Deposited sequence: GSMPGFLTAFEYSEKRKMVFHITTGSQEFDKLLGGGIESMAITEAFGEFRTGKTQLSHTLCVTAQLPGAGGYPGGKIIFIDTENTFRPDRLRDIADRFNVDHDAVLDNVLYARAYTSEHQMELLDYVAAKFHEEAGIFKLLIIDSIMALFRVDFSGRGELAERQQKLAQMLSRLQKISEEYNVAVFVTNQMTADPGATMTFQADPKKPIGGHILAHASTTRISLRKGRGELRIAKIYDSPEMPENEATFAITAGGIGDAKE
């Protein structure tokens, strides 16, 4: 009655996969990469790597990977007007895969309001149902910019939080029922990530991105102790997220 045995749940989790970020150290930080049946959130300031990571995953999710990962299709929801297919050209070149094939395997939609964003996710649930195992990654860049927009006054916050919680619980269910990785970007405020308890709870992994030495970037697990193991160095290139020169 709404319950599985731990054995049945184990059978379900044996299908969990990781999508490489393109950086070895970053993957190790994540235990292999962006994990399915979970929401992974990346937040930071501008030029920390959020967009490069989103675009890189658009390519790596289509590639055969570790643990028998066969690759698959991607859904990209864009609230920021930042998706640029041309970036995928350089990234696909790096990974030696055809441009048009990469572009044919990414489905894309702009969201202009928070209500629209929620409608899109209902469409996404239907598409994942059409045939499971085809799509492996859902990207939302970004997760709640539109919720700040649509409920900006300090009197409408109750409805904002309710709508946000509803969307995120549906996003959790989507990730876990259909065995897809959900990657989302988020903004910061006076810094801390926005969304409060709701977004903190919904995300299974939260990554703070900041600038490193020169052109290097640093990824860290948010609210984790200040220790090196909880941090990873990566570089940004025309080929996407990658490893430092070394």
Provide the list of deposited-sequence positions lacking C-alpha coordinates, grouped into contiguous ranges.
1-3, 194-205
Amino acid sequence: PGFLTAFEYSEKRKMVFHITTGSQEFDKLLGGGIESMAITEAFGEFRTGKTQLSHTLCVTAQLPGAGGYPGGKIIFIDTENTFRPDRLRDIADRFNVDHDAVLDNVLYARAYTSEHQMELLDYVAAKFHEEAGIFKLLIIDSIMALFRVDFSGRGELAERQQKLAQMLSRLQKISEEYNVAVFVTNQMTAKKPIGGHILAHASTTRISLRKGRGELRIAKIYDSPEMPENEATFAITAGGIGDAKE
From here on, numbers count along this sequence of modelled residues.
Higher avg CA temperature factor (177-185 vs 22-30, as deposited) belongs to 22-30
Higher-B stretch (mean Cα B-factor, as the entry records it), 217-225 or 53-61
217-225
From the entry's CA B-factor values, the highest among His129, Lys163, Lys136, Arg170 is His129
Among the candidates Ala200, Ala190, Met37, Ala42, give the one with the maximum CA B-factor reported in the record.
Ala190
Please place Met15 in the lowest, middle or highest third of its chain according to the CA B-factor in the PDB entry.
middle
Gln117 - Cα temperature factor, lowest/middle/highest third of chain:
lowest
Using the temperature factors of the C-alpha atoms in this entry, rank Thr82 within its chain: lowest, middle or highest third.
lowest
Using the B-factors in the PDB entry, rank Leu157's C-alpha atom against the chain and give the third, lowest, middle or highest.
highest
Could you tell me which third, lowest, middle or highest, the C-alpha B-factor of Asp141 occupies within its chain?
lowest
